[PDB]
Ligand SMILES: *[C@@H]1O[C@H](CO)[C@@H](O)[C@H](O)[C@H]1NC(C)=O
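Protein chains in written order, with the authors' numbering: chain B, 508 to 557; chain C, 706 to 754.
In structure tokens form, the structure reads like this:
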């Protein structure tokens with residue numbers, strides 16, 4: 508029984524891989540939950556000049 | 706100093722003015738409970754109760 512042990516990334520940020528996922532129009536300032544490459548957030552998104 | 710007979714009496718005076726600050730009111734914030742604790746989420750109204 509081949510017991511070769513493999514290991515992928517353990518809690519690392521996005522890399523040169525991109526899972527089979529689609530795309531959709533982005534959200535500029537809508538106060539809604541958003542999804543951009545897994546990360547999800549809610550509240551109000553406001554644009555700054557930083 | 707003093708003995709069986711003595712006393713001190715002022716001869717002139719001097720009017721003085723001094724401030725005394727005193728807090729009265731404090732800008733009152735109105736913080737709600739849900740949003741802060743939990744924003745807009747599907748499980749927000751079920752686990753909260
Ligand atoms: C006011 O005080 C001074 C000393 O500071 C004193 O010489 C004077 O006599 C006083 N005023 C009067 C009207 O006496």
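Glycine included, C-beta positions come from ideal geometry on N, C-alpha and C.
Please state whether the Cβ-Cβ distance between residue i and residue j is less than 8 Å.
| i | j | result |
| --- | --- | --- |
| residue 553 of chain B | residue 532 of chain B | no |
| residue 544 of chain B | residue 521 of chain B | yes |
| residue 753 of chain C | residue 739 of chain C | yes |
I believe residue i touches residue j by the beta-carbon criterion, under 8 Å. Please report the beta-carbon distance rounded to the nearest angstrom.
| i | j | result |
| --- | --- | --- |
| residue 538 of chain B | residue 551 of chain B | 4 Å |
| residue 549 of chain B | residue 540 of chain B | 4 Å |
Report the residues of the segment 542-553 of chain B with a CB closer than 9 Å to any CB of chain C, ordered along the chain. Those residues of the segment 542-553 of chain B that come within reach of chain C (Cβ to Cβ, closer than 9 Å) are 549 and 550.
Around ligand 2, Cβ to any heavy atom closer than 7 Å, ordered along the chain: Of the ligands this structure carries, namely ligand 1, none is ligand 2.
Residues in the segment 729-747 of chain C with C-beta within 9 Å of chain B's C-beta atoms, listed in sequence order? Within the segment 729-747 of chain C, the qualifying residues are 740, 744, 745 and 746.
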